[PDB]
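Shown here is one chain on its own, the form deposited in one PDB entry, set out as C-alpha cells.
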C-alpha cells in the first residue's frame, strides 16, 4: 500500500509489546510528577553526554474514548488548539488516510539551538489480543528520513519515537439505552523517547521535560474533554 507499511507495523507492535507494561511496581522508572491519576515517570539516560531520558506517563481521563483522544492527537488541523511548543509545521507527504509525514520546528530551549524533527505520524486501532482484553487506539509519531526535508540552518535535527496509547473502559449498555460519557474512562499510556540530536545541557533539558510533559498531558486531555462534551460519542 505504501513503503512504510512494514516499518509502521514494527513500531506499533513494539509499543504494544513493551510500552503498555505497568511501571508502578518498577523501581527502574523514576516517578517524577504526579497530579491525581496523571503519573509521569522517566529514566535518566545519556548517550555521548546527550540526554535521552525515556519518558512514560499514565493518565485516566473521564468522559472521552480512546478513539476520540487519538483522533484529536493525530489530526493536524487541530494541532494549534492544544500544542504550545511548535513554531512551524508542514505536512511533507500523505501516505494513507491514517498516516502522514510531518516536518515541524520547536520553540527554542535556551541556551541550546532550536530543534526540528521529521516524523511519520500514524493512527491505528489494534484489536483485543483475546476476547478478555480491551481494544487499543494508538498514535505513533516516529522520525523517518525524507528527500523533501527543508534546509533549516537554525535547527539541529532531533529524532523521536512517541506513542499515545489508549484503552477505554465503559459501563455496559442497559438494554436499549446508550452509554453516557459519565460512564466512560480512557486509560492513557504516553511514551516519548526524544533524541535532541546534538549538544544540550542536561539539567536544563531535564527541568524543561519535568515541567512541560505534565503541562502537555493536562492541557491536551482537558482540550479533548472540552471539545467532545455534548457531542455524540465516537467509540
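Residue numbers count along the first chain shown, from 1. If you superpose the two forms and keep the largest set of C-alpha atoms that fall within 1.5 Å, you have the rigid core.
The discussion below concerns the form deposited in another entry, not included here.
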Of 86, 129, 149, 91, the residue whose C-alpha shifts by 2 Å or more between the shown form and the other one, after superposition on the rigid core, is 129
My question is whether residue 38 is one of the residues whose C-alpha shifts by 2 Å or more between the shown form and the other one, given a fit on the rigid core.
no
Does the C-alpha of residue 51 move 2 Å or more between the shown form and the other one once the rigid core is lined up?
yes
Kindly check if the Cα atom of residue 177 is displaced 2 angstroms or more between the shown form and the other one relative to the superposed rigid core.
yes
With a C-alpha distance change of 3 Å or more, do residue 50 and residue 204 lie closer or farther in the other entry?
farther
Knowing the Cα distance between residue 48 and residue 14 changes 3 Å or more in the other entry, does it shrink or grow relative to here?
closer
